[PDB]
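Step one of this worksheet: look at the structure below.
Just so it is clear: chains get the letters A, B, ... in the order the sequence lines come, proteins before strands, and each one is counted from 1. Excluded from the calculations below are hydrogen atoms, water molecules and symmetry mates; all remaining heavy atoms, backbone and side chain alike, are included.
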Amino acid sequence: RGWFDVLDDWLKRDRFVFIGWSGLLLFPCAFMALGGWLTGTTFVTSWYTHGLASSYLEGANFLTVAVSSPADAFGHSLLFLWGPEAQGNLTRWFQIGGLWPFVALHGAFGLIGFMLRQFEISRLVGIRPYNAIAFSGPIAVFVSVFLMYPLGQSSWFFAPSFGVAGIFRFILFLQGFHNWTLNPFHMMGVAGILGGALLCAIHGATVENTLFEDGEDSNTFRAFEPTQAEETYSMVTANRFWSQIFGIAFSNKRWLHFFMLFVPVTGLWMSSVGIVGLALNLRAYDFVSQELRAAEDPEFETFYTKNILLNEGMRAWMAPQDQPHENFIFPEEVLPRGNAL
Amino acid sequence: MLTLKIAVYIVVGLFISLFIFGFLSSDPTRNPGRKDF
Amino acid sequence: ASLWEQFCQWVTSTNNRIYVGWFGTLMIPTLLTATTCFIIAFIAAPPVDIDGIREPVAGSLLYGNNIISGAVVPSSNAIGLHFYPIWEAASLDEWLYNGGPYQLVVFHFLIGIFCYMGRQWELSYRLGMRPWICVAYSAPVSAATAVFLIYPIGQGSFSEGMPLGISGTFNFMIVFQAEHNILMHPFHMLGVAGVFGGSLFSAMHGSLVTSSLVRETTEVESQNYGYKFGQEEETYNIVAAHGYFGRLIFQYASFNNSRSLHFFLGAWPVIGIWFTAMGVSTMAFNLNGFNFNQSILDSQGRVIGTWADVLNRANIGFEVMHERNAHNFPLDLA
Amino acid sequence: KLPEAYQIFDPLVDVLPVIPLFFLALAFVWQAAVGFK
Amino acid sequence: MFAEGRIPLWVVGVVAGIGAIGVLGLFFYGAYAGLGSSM
Amino acid sequence: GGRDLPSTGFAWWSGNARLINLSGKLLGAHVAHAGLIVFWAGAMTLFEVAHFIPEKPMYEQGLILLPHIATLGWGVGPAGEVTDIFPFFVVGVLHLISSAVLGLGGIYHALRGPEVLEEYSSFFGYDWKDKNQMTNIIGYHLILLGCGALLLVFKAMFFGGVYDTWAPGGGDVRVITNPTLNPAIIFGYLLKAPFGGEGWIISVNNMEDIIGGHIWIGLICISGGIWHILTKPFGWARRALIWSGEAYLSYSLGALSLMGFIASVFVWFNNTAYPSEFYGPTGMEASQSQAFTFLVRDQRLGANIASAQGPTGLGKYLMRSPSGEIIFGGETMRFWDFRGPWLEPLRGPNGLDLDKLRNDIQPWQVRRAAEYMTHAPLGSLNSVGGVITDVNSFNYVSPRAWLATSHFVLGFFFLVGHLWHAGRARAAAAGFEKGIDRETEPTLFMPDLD
Amino acid sequence: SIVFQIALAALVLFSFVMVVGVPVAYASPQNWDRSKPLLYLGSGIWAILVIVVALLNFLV
Amino acid sequence: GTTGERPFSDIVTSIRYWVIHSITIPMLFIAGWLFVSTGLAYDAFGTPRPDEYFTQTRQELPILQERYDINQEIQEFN
Amino acid sequence: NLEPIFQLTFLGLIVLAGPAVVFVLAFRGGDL
Ligand code: CLA
Ligand code: CLA
Ligand code: CLA
Ligand code: CLA
Ligand SMILES: CCCCCCCCCCCCCCCC(=O)OC[C@H](COP(=O)(O)OC[C@@H](O)CO)OC(=O)CCCCCCCCCCCCCCC
Ligand SMILES: CC1=C(/C=C/C(C)=C/C=C/C(C)=C/C=C/C=C(C)/C=C/C=C(C)/C=C/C2=C(C)CCCC2(C)C)C(C)(C)CCC1
Ligand SMILES: CC1=C(/C=C/C(C)=C/C=C/C(C)=C/C=C/C=C(C)/C=C/C=C(C)/C=C/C2=C(C)CCCC2(C)C)C(C)(C)CCC1
Ligand SMILES: CC1=C(/C=C/C(C)=C/C=C/C(C)=C/C=C/C=C(C)/C=C/C=C(C)/C=C/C2=C(C)CCCC2(C)C)C(C)(C)CCC1
Ligand SMILES: CC1=C(/C=C/C(C)=C\C=C/C(C)=C/C=C/C=C(C)/C=C/C=C(C)\C=C\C2=C(C)CCCC2(C)C)C(C)(C)CCC1
Ligand SMILES: CCCCCCCCCCCCO[C@@H]1O[C@H](CO)[C@@H](O[C@H]2O[C@H](CO)[C@@H](O)[C@H](O)[C@H]2O)[C@H](O)[C@H]1O
Ligand SMILES: CCCCCCCCCCCCO[C@@H]1O[C@H](CO)[C@@H](O[C@H]2O[C@H](CO)[C@@H](O)[C@H](O)[C@H]2O)[C@H](O)[C@H]1O
């Protein structure tokens, strides 16, 4: 017995927590990312990077804590603990926001390890690896949003902070500065996510309401056993119902479930392509025909032009606080505002 | 305007009367199971 | 035998290609009316004075909009919650100016989708099904009623209802955030949990079923031809899928009963969308999202910002610029 | 405020509204003790 | 408690749930007192 | 009496469904839950009294039960000032003690009484299929509901009256001596449009209208009670309805959903049965108050508030409604149908009168408008008052907001309950609530759709 | 003064004894011949305490 | 069904388990408590206490602007 | 102040009162 094959035996035992070869990448990296996030949201400030309190130690709550992005002065420095910024000082590393690339990098390598775990367990069990192919969507989202968006921007500062209200800030920032709702790549993402939620709800309700009477109890859940051969619900009845209700219906179970896979994964990939565009400020910010008309004609108003005005107001009122390294002094008279508010 | 109002009131009332009288006309028995009630 | 009984049998027939039913006798006229008026208004309605300040907003394609910016603009703020049919207008042009098409489309659409939910029950009853597909459909219905009816009622004007367009929806959402802080509302958070988890679990379910398909085709043809419509037997190995998923996380995190799995798949996004419908319906009465602004102070008393304070700066910037010409007083009371 | 003679049991009055959730959760406690039958 | 060498699992569960409710209630109390209470 | 799922076919999370055909235990569950309702009423009233500053407005202190007691005319005087703390405490104590009695009774029937009441008495024994006994129970509950409506009428007419926010001299506890018995007014409240300016029954604007409607409701309920006790259901009712316990539950769920929606709209819009001295201003009241407050302030600065045009061309302070009435300008144009006791003094036949605005505005109207504008029903979930962009220093959410939000959520989830139980009742009476029979699957015998 | 407080403390303590004892006695049928009279007595005692608290509320 | 490990419901319903944990879990709780209450967490992570957000010589936000010499920058920020 | 002390003691008594009933009926053999 070779030592590699003995180690392969030990790593792929049937235990409570499967390890595998992928676990050597997954578990230390996922533990580092999760412990870094919990450590930062419990103890670590954003006072020197953002001028903000973002830990439970400062009095923030679960909504208002974050592992915030590092200072804009560092650019896209990877901000290693031993790196030229922190210089080995753990306290300085915490204060300059090094927990953000710590969490983001270990998280990215843990996500790699998780899709590798999906591949490894799919190979061992003997099934096709479509769970890993489906998980390509979340990794596309993580790579485009937390990595390539700040890389395209000036620093890691403009990456989303690992927090609830920090993510809400990133979301509103992308509305006001990028017009990300107007981007068709995000619209395909929204369509994919709402379609995935629709398909989940409709598929579950259809199965639960086309169940076969396979038991004597009103509790229908005990009328199923996993080792049975026949279908637990009537695809014919479900097909007839949705054909007469909606006009069309699924007639193929395998196509139904591939579509349930396909819709949100494709939405995530499309929104990722849009975030890649936004990394370089390649926005769908404006419809130039409507601005040219609105500049020439003061009677022309659409909901698009109203959204443009909303974005301008948000940018001017948020940027001095959201980007304190820039020292944006906007006196009150230059702030755009409507009548009386 | 009065003609359109009368026409819409008649159309809406006819559809609502259809709905009501249909659900009053032994709709529980219009099912493939046990139609006794 | 009777003419009425023959009509009742035709109406309730399971042999209709599209099921009508008694709910369909209300659904079809209302939905056809709303569809026809929406299409005509989206293409060719004149501009609508939504804020009631004689500042008409071009909503239709013939007046300079594209598909993204086009909308059926909500009725005038001067109307408020007043019932504004065609026969209450002195002319059709006045009706178009004051946003009557929005009221017509929205009222017939809301009746139609409530009757769609009733019809879903009706056909499940005629087909000998269990009846709770309409309960799952009640979550999008509640969300639609929240944004088209309940939010206007609580705000006191149908001008506050979501516009029937893409950029109009974005405008509704941005003004909603600036006024109610919906992102900080936990019901919206539950909705985001519902849609993110529903898409997650849709991807999971689909990926596990596609992963555990029984080999019934060659490598040339599509694997979907391994399933025959109306086959008795299972098209995929649930035990293999459970073995994979209980090794991917751990054994007791994986469903083995397909009925519990599908009840969970139904229940998660439906409950999430119910909660977010109630969140929008409760911010109709101005019960807003969490206000943590200036919640952290130092020992002197100076405000230490958090991410909620930056979010509030964004909300203020959205608020001071919204309906720029409609406000005359210092507070946006509704 | 409470009347003065009833100012001894003000903390008990403070805790009295929440006893319905205690009842709702005791239903789960009893179902756990009987085994979720 | 009613067994040999054993504690009922529902007793363990009610104790753990009471502790979890207590720490959640303490965390909600701290929203209105001390840091982050806006006072 | 099955108390497990092998003996019932209902799991523990559906375990009260095991009580459907066990009448005495079902009566015990009800009485025990009723006791819960009266317990909350008593304990919450004691809490609200213990957390009451009586020189402070009730709407400032997060109270919802003390406004209900004060609206009935207990412990209050002119403009809603609390004269006596004791009646609120009495109402609390009475509910709390009756709840102890009801909880003992519910626990008795649920844990020691006859499990089925049909082997003990034909009067309380009910079978769900027995249409006559269920209509008798309808009739009993109808008689007592009519008595409760007449008890409200007796309180308003012979026991010190109720709070009239529209009373001359300001709102006060007054005795209703002339309730409107006119069926035209009472039942044309039912035919009014549920839209702007009409408001269906939410627009009931005087205590005489409310009390006359409650006399009519009491008479109607007592007559209908005697009806269901003296008659059996007719053939159209038997042929249209499902006759089962889950069906009757779902019918009541649909009614409850309707009533919760109506209560949310009622507390949001009506300031007559929900007076603003206790529940705070409505959203419409606060917006009209803001417009009136700044009209008064700018008129004191010498501005011609009639001829002042705003930036849009409409009047800044005064404009016309779409039917031509002189109304406040700004976004509050949408709230022009608002009527309030502080504003009706300045309303002429054509709307807001210029002469009254010029020289008849009293300081109490200015004070009331400033208070109502600064107490608009706008607030964060964590009870931070004002617009959501405000900082954290004002601890306020209106009781109108809390009540409307809660009862709208309850009404929606009870519509969901109606749908769940109406569908399950139909499926169970039809026999396919447990799933499709494989041998007699109905779709398998139908022609193909194409 | 304090006599009414002692009566109210006795009322809340006997309510505590009753809220412990009532579901135990209604779910102990084999002890019913022991449980039924005392429960009767307990209800009567509780009622008397309520009344005397009321009387002392109008005596204080 | 069982991969080899002792079932959790057997483990947490044991006398010896709760004898070990009645001690370990509360004393981990008090270890976190003494991490915060002795003030060691502020020094460990560099989080300001409620009176070192601003000093008497700095009343603005101490936004780092140095790219490499941040230690001296945090020192003069205090 | 002693008001949170009394509040939490009353809360502790009422939170234990229910599981005390369930625990007594489990221990002595009640008809649970
Ligand atoms: C308002 C809430 C409410 C009420 C009134 C009831 C009532 C009832 N349920 Mg129930 N239930 C509920 C909520 C409720 N449930 C919830 C939320 C769930 C989901 C977990 C369940 C799940 C459930 C199941 C699985 C079953 C019931 C059953 C029953 C019936 C008999 C219970 C029994 O015999 O065992 C007795 C239980 C005990 C003796 C434990 C002690 C509990 C006591 C009663 C606590 C209350 C005492 C109180 C503190 C003292 C105050 C009195 C006074 C001194 C002031 C009964 C009528 C059973 C049934 O259907 O009957 C055939 C049954 O099988 N329920
Ligand atoms: C909706 C509530 C309700 C209903 C329908 C019942 C029904 C029943 N009970 Mg029950 N009970 C209840 C609540 C209820 N109870 C409450 C709250 C308590 C605590 C006091 C009890 C305690 C109880 C016991 C100890 C017993 C019953 C018994 C019975 C059965 C026979 C009673 C009888 O006919 O004698 C004749 C009826 C009368 C003489 C009518 C007298 C009028 C009443 C008692 C007073 C008026 C009530 C109130 C003052 C008016 C308004 C109510 C207020 C809250 C607004 C019967 C099926 C007996 C049984 O188990 O059957 C074998 C039995 O021994 N009950
Ligand atoms: C809450 C108390 C209560 C309850 C539970 C019942 C229950 C019942 N009643 Mg009764 N009734 C009551 C109060 C009550 N009633 C009162 C207070 C009176 C005095 C006026 C009556 C007078 C009465 C008569 C004369 C009859 C009944 C009948 C019935 C039975 C069938 C009714 C039916 O099919 O509904 C459905 C009704 C229809 C399908 C008819 C169409 C009605 C339209 C759709 C209503 C429109 C409402 C609209 C949507 C809402 C807007 C509000 C407003 C504009 C109206 C049923 C068991 C019938 C029976 O069986 O005799 C014993 C019967 O003929 N009742
Ligand atoms: C008074 C009205 C009423 C009554 C008598 C019933 C009665 C019944 N229902 Mg129904 N239902 C109702 C309203 C009602 N329902 C409403 C409003 C809804 C929509 C939500 C439903 C949806 C519903 C479903 C989906 C089902 C039932 C079922 C049942 C049966 C058994 C349920 C059970 O054991 O309880 C058990 C109680 C629990 C398991 C605990 C529930 C706790 C919920 C989930 C959260 C509590 C939230 C609450 C506001 C407190 C917040 C706590 C928070 C602070 C942590 C029973 C006969 C079952 C059935 O069909 O059998 C015939 C069933 O499957 N109902
Ligand atoms: C008691 C809780 C009921 C609340 C309603 C929510 C559950 C139903 C939602 C499903 C909607 C989709 C409809 C089609 C789906 C469909 O058709 O379902 C079918 C499924 C099968 O049930 P059976 O027919 O076997 O039994 C149900 C009845 O027929 C008799 O028991 O129904 C259920 O599982 C009901 C169980 C709900 C009881 C527990 C659920 C608790 C979940 C909510 C908890 C709170 C969530 C928020 C917390 C943050
Ligand atoms: C950073 C770093 C690191 C790491 C660390 C670690 C890895 C750690 C950790 C850690 C951890 C790992 C921590 C933790 C935690 C936790 C917490 C803080 C929790 C919580 C919770 C809660 C609060 C919950 C609650 C609840 C809910 C809500 C649900 C249900 C119910 C209950 C109650 C349970 C080192 C040293 C390497 C180096 C430097 C850097
Ligand atoms: C069946 C059942 C159930 C239920 C139960 C219930 C629902 C109940 C109840 C009950 C109740 C409903 C109760 C009660 C009570 C009350 C009491 C016990 C009271 C009292 C009193 C007193 C003692 C008072 C005092 C006072 C005064 C005089 C005034 C001042 C203040 C004070 C507070 C001190 C459950 C779910 C668990 C499940 C199992 C079965
Ligand atoms: C107190 C008051 C008042 C009065 C009120 C009254 C006098 C009333 C009433 C009322 C009434 C007198 C009502 C009602 C109702 C009804 C309902 C809610 C219904 C219904 C329906 C149903 C449920 C049906 C169903 C169905 C159909 C649809 C057809 C087929 C068959 C069936 C059954 C399925 C006033 C405002 C003046 C003033 C203030 C306070
Ligand atoms: C008025 C008054 C009173 C009364 C009271 C009452 C009325 C009663 C009661 C009571 C009660 C009513 C109690 C209770 C409780 C409870 C509890 C403590 C619960 C819970 C919990 C938990 C934690 C659970 C958990 C769980 C779940 C949910 C899941 C699974 C299963 C288990 C079990 C684990 C007294 C006498 C004081 C005095 C005078 C005044
Ligand atoms: C939940 C996780 C817990 C977090 C860990 C808790 C400890 C955090 C660090 C506090 C320890 C001392 O805090 C700081 O440590 C660093 C090491 O990083 C020391 O730094 C020292 O060694 C490092 C490593 O060569 C170099 O930078 C330099 O030689 C010197 O500065 C600092 O002098 C001390 O101020
Ligand atoms: C089968 C279901 C029922 C269908 C049958 C009923 C058909 C419709 C009957 C009502 C007909 C229209 O009803 C009538 O509407 C007109 C609208 O001009 C109203 O008229 C009102 O408004 C108009 C202008 O809008 C004013 O000029 C007029 O002075 C005023 O009275 C009447 O007050 C009402 O009586």
Step-by-step side chain to side chain donor-acceptor pair (under 3.5 Å) determination, F/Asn392 to C/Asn291: CA-CA 7 Å; F/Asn392 260 266; C/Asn291 183 336; 3.1 Å; yes
Please verify the inter-ring angle class for [X] with [Y]; under 30° counts as parallel, over 60° as perpendicular, anything in between as tilted.
X        : Y        : result
A/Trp47  : H/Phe54  : perpendicular
A/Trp82  : A/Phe80  : parallel
H/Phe45  : A/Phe43  : parallel
C/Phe290 : C/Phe292 : parallel
A/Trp180 : A/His186 : tilted

For [X] and [Y], which heavy atoms make the closest approach, and how far apart are they?
X        : Y        : value
A/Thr64  : C/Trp307 : O-CD1, 4.2 Å
C/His188 : C/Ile182 : CB-O, 3.2 Å
C/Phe172 : C/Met162 : CD1-CA, 3.6 Å
A/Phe158 : A/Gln153 : CB-CB, 4.4 Å
A/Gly40  : A/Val67  : CA-CG2, 3.7 Å
C/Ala178 : C/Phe318 : CB-CB, 3.5 Å

Candidates A/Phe109, A/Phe135, A/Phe142 - the one meeting ring-ring contact (aromatic ring centres under 6.0 Å, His included) with A/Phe114: A/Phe135
Evaluate whether atom [atom1] of [X] has more than 12 neighbouring non-hydrogen atoms of other residues, nucleotides or ligands under 6.0 angstrom away.
X        : atom1 : value
E/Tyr29  : OH    : no
H/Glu76  : CD    : yes
E/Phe27  : CZ    : no
A/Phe328 : CZ    : yes
C/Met173 : CE    : no
H/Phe35  : CZ    : yes

Is there side-chain contact between [X] and [Y], with at least one heavy-atom pair below 4.5 Å?
X        : Y        : answer
A/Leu57  : A/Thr42  : no
C/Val310 : A/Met318 : yes
F/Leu378 : C/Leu331 : no
A/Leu278 : A/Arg283 : yes
A/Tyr56  : A/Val65  : yes
C/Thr169 : A/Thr181 : no
C/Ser295 : C/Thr306 : no
H/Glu52  : H/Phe77  : no

Where the side chain of [X] meets the backbone of [Y], is there a donor-acceptor pair that is under 3.5 Å apart?
X        : Y        : value
C/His180 : F/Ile388 : no
A/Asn307 : C/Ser167 : yes
A/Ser144 : A/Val276 : no
A/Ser272 : A/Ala140 : yes
A/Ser155 : A/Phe74  : no
A/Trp37  : A/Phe162 : yes
H/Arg49  : H/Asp51  : no
C/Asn286 : F/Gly379 : no
A/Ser69  : A/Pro160 : no
C/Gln294 : F/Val391 : no

is_close_aromatic(A/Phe102, A/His106), centroid dist under 6.0 Å: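 Aromatic pair counts; centres sit under 6.0 Å.
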Check: A/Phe157 ring centroid to A/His50 ring centroid under 6.0 Å: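 Centroid distance A/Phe157-A/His50: below 6.0 Å, so yes.
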Ignoring hydrogens and geometry beyond distance, is a side-chain donor-acceptor pair present between [X] and [Y] at under 3.5 Å?
X        : Y        : answer
A/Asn179 : A/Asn311 : yes
H/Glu73  : A/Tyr48  : no
C/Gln177 : C/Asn315 : yes
A/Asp72  : A/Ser154 : yes
A/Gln290 : A/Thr305 : no
A/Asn339 : C/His327 : no

Aromatic H/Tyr53 / basic C/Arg302 pairing, under 6.0 angstrom, 45° off normal: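 So C/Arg302 doesn't make the cation-pi contact.
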Carboxylate-amine/guanidinium contact C/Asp309 A/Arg169, below 4.0 Å: no
CA sep, side-chain torsions, deciding dist, call: A/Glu58, A/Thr45, side chain to side chain donor-acceptor pair (under 3.5 Å): CA-CA 7 Å; A/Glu58 308 170 274; A/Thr45 195; 2.5 Å; yes
Residues A/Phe170, A/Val145; criterion side-chain contact (heavy atoms from CB on, under 4.5 Å); working and verdict: CA-CA 10 Å; A/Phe170 178 78; A/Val145 167; 4.0 Å; yes
Full working for side-chain contact (heavy atoms from CB on, under 4.5 Å) between C/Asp332 and C/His322: CA-CA 10 Å; C/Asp332 187 9; C/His322 96 275; 3.0 Å; yes
Pairs meeting criterion salt bridge (charged side-chain N to carboxylate O under 4.0 Å, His left out) with involvement of residues 25-45 of chain A, two or more places apart: none
Residue list, side-chain contact (heavy atoms from CB on, under 4.5 Å) with A/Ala284, at least two apart or on another chain: A/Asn183, A/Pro184
Show which side-chain atoms of residues 88-95 of chain A pair as donor or acceptor with protein atoms under 3.5 Å away, not counting sequence neighbours.
unit_1	atom_1	unit_2	atom_2	d
A/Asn89	OD1	A/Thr91	N	3.3
A/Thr91	OG1	H/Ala44	O	3.1
A/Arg92	NE	H/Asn71	OD1	2.9
A/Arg92	NH1	A/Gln95	OE1	2.9
A/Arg92	NH2	H/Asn71	OD1	3.3
A/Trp93	NE1	A/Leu79	O	2.7
A/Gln95	NE2	H/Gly46	O	3.1

